[PDB]
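Residues -159 to 324, 330 to 343, 2012 to 2362, numbered by PDB author numbering, are exactly what the sequence shown covers, in order.
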Amino acid sequence: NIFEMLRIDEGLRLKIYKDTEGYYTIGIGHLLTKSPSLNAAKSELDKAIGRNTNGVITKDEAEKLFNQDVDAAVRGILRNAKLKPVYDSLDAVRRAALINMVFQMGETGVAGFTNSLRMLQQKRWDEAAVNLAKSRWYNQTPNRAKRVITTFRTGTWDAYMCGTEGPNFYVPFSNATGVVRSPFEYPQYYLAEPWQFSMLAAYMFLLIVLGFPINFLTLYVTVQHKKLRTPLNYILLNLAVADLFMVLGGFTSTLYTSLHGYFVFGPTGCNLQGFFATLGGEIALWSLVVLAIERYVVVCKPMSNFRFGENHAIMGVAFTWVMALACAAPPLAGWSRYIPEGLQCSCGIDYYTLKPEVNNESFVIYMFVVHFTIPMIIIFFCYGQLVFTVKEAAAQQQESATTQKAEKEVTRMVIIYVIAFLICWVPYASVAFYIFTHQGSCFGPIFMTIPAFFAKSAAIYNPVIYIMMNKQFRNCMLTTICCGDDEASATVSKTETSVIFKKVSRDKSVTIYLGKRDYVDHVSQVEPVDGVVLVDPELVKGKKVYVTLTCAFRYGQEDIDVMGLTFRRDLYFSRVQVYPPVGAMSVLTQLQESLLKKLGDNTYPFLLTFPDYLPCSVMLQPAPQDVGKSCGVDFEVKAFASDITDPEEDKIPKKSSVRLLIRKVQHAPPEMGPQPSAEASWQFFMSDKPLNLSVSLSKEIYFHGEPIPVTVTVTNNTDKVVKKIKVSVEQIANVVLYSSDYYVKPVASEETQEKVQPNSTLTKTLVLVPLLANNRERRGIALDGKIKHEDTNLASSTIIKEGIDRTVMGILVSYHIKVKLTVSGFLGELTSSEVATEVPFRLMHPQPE
Ligand SMILES: *[C@@H]1O[C@H](CO)[C@@H](O[C@@H]2O[C@H](CO)[C@@H](O)[C@H](O)[C@H]2NC(C)=O)[C@H](O)[C@H]1NC(C)=O
């Protein structure tokens, strides 16, 4: 347009400069003053801008000086008697050309052209152009003139077009000089100085040297180590493959072209290089999106770990390739296109050129919204909510120091993930959007190379930031350069009567003793862990023996979950110093007295109490096909010796340490509650007549193996018939870790086909048998904790202490009887209305003699 004409012709200067005539000018052709003094020129500038510039101004202030000049130029023309009829006759493109003449020479200067202005009015475009070309004006600056003259002749912007537009390519350079040639056939060295091509060759070589091994090692090591093979890591493996396509297909070809200075492989090579570079980048993009989604759901909700198998991971990796091809395929298919970008040694999508045939307009918007903004929102939302959740969780437990340092590591890596994503895709998003809005303006080849730097650099630092920073991957990669617990490999539980059991450590310095594995949990109080620890004085000398009580909520795998930017949450933790003893135990138990006399002098007692806000020992049931999936709450009593002081728990010596799993179990209380009775009445929209139902049980509390009678009285006063009645025992498993989540899986059910007619009643008692044996080989069933691998029963109903301050975190189980009714629908026989009501009951272990 007019702005781009005069900006390129005159040139935009931020400071004051002398023009060809030698007069003080600033910005685009703005005369400050004719005064000879340099200070006088700055003074006339200062008043124009409105502040103390000191011969330096911005472009927006210069755009204001230009607008006042154009608004006044349209006047001086209309004011002039010779210029106005010409101005009125000529169209908007040729009017811009006339303003250029008046802007440069002035009102009196343009008035000297009589025959030129005459022929333009008469629509003689051929004769007026020769007139302007043979004049003094052309001889002075034929560079500027010829662009203005061609405008009069053609009536187009072809003269003021930004760069040479070929059919298969776009070069950001003017062919006015005539030096522009095809990037497929001839060298492009006229664009920038030849050393910058060898610079790119050195840069693209560096990305191959660094990129190929880093990404290849990710895949190579995972084949060797079976540990790394996990559904969650599948998305991180996709990132390695994604980055390899950029290196192999993209950077290797881009290297060879940057060697010679132009694109040797032709349009065929440009399509495939542009395809792989786009695909490899777009796969890498959505991999991090799916990774962000996967990390958000898996950690926050421990139930989802169970649900997340190979199928869900494959679904994530496939989705990536679908969205990747959504970006990469259409330029090949013809929507937009693949052309050489920047120095034209590297091919990429066409964001800068507006081509209406291939519709770059829709593709860039499609790119900006679908393939940029949506990944940006999701990643910032997922990792943003992820820190928000951990910040909330760490705020609850301020006592556990391990949960505090994790939150520190979480916030660290997320900020790095933000920075990694921002450095990569913002340059393209800024530039392509700027070019789309500012398309009238011109941009060089180096302008497009700056975003190309960062996205191609992401093939290096995204592997490092996402993979190398992860602890499980980092450790395995070290063992690869190293080219390669085993010594001891002994961890057994023994037993002797005097019934007591013990366990010896690996180094056999610290030996622990305990009374019983199952500790009875009452409502008011809890039965504490009682026992002793035999310490070897020779092996443990000048060291610190400790004992712990670890209540840990366990979900998923030890390796990958800890790698997952956080680790499994320790629910409760306690510590006591065993040796050397500080003071002594005020009162011992009958067990401790026996073991002290039985064992030698180096034995020391300990006692570990439980608070009232802890859950029971509960684990979720895995399916037979599910091997590595593991989730549940469990209690662990550990003992160890260490040189380091009390605070260090996360890191301890494995050889000195010894541990034994225990249970916290609730037996059924002596008081069986009142006879459960539920009652409800139901109606319809068309039919307003009532339907009464009354459920009744025998006991409030039931035992495992005990039959549950459900007495149901269906009183039918309505017009419809009841087809069948179904009773169901349903197991509510309320999981509280980062959030409260209710999950209902029916454990047992019985039904009957007895029909109930209108104005007729039926009383029926159906027995249900809630046993695990029938429910074996299922998913998500809550079970009582099993010592080792032994047979266990369905999870006991968890009783919470009345009136407590802290929220109970863990797996909280509850049962109820759902009496389901199937009634014939009013519209049709096939139509049906399922009605149901619930009543709670307890299922727990009996108290032994
Ligand atoms: C930029 O201008 C040059 C010089 O005019 C073009 O090169 C000529 O293109 C014409 C097209 O018909 C050929 O007939 C001539 O043989 C070419 N000249 C020479 C010396 O080879 C050039 O094609 C323009 N740029 C591009 C890339 O099209």
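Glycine included, every Cβ here is placed at the ideal spot set by N, Cα and C.
Scanning 2187, 2208 and 2070 for the CA closest to the CA of residue 2140 turns up 2070. Per DSSP, the unbroken alpha helix (DSSP H) holding residue -51 starts and ends at -53 to -50. Put simply, the region 2160 to 2170 does not touch the region 2196 to 2204. Fewer than three CB pairs are less than 8 Å apart. In the DSSP assignment, residue 2144 falls within the beta strand (DSSP E) that extends over 2144 to 2155.
Annotation: residue -68 to residue 283 spans about 25 Å, alpha carbon to alpha carbon.
Taking 4 residues as the minimum length, the alpha helix (DSSP H) runs contained wholly in the region 154 to 233 are 200 to 208, in order along the chain.
Residue pairing by DSSP places residue -3 opposite no residue, since no beta bridge is assigned to it.
Scanning 3, -33, 276 and 4 for the CA closest to the CA of residue -6 turns up -33.
Shown here for residue -154: same chain residues with a beta carbon closer than 7 Å to its own, the five before and five after excluded, namely -132, -131, -60 and -57 in chain order. Residue 2037 and residue 158 have their C-alpha atoms roughly 53 Å apart.
Counting other Cβ atoms within 10 Å of its Cβ, residue 2326 reaches 16 or more and is therefore classed as buried. At a Cβ-Cβ threshold of 8 Å, residue 2249 and residue 2330 do not count as neighbours. Distance from the CA of residue 2123 to the CA of residue 142, rounded to the nearest whole angstrom, comes to 24 Å.
Burial state of residue 210 is exposed, judged by a 10 Å Cβ sphere holding fewer than 16 other Cβ atoms. Between ligand 1 and the CB of residue 106, the shortest heavy atom gap is not smaller than 7 Å.
About 6 Å separates the beta carbons of residue 146 and residue 2293, which is inside the 8 Å limit, making them a contact pair.
Sequence-distant partners of residue 2053 (beyond 5 residues in either direction) whose C-beta falls short of 6 Å from its own C-beta, in its chain, are 2022 and 2154. In the structure shown, residue -43 falls within a helical segment according to DSSP collapsed to helix, strand and coil. DSSP places residue 120 in the helix class (H, G or I) of the three-state scheme.
Spanning the alpha carbons of residue 192 and residue 279 requires a straight line of approximately 8 Å. Residue 100 carries a helical assignment under DSSP once its states are collapsed to helix, strand and coil. A distance below 6 Å between beta-carbons, with the five flanking residues on each side excluded, links residue 2355 to the following residues of its chain, in chain order: 2214 and 2310. Judged by DSSP in its simplified three-state form, residue 2180 adopts strand. Counting only the Cα atoms, residue 2255 lies some 34 Å from residue 2234. Contact annotation: the region 17 to 37 does not touch the region 50 to 62, with fewer than three C-beta pairs closer than 8 Å. A direct Cα-Cα distance of roughly 13 Å separates residue 2035 from residue 2359. The nearest non-hydrogen atom of ligand 1 is 7 Å or more from the C-beta of residue 193. Taking a 10 Å sphere around the C-beta of residue 169, we find fewer than 16 other C-beta atoms and assign the residue as exposed.
In the DSSP assignment, residue 2358 is bridged to 2180. When the beta-carbon positions are compared, residue 184 and residue 293 stay at least 8 Å from each other. Those residues whose C-beta sits under 6 Å from the nearest heavy atom of ligand 1 are, from N- to C-terminal order along the chain, 4, 6, 15, 18, 20, 21 and 22.
Note that the C-beta distance between residue 269 and residue 208 is below 8 Å. Across the set -102, 250, 2109 and 42, the C-alpha of 2109 shows the shortest separation from the C-alpha of residue 2045. Assignment of residue 2256 by DSSP, reduced to helix, strand and coil, places it in the strand class. A residue is called buried once 16 or more other Cβ atoms fall within 10 Å of its Cβ, and residue 2103, having fewer, is exposed. Look at the beta carbons and you see the region 2112 to 2121 not touching the region 262 to 277: under three pairs across the two are nearer than 8 Å.
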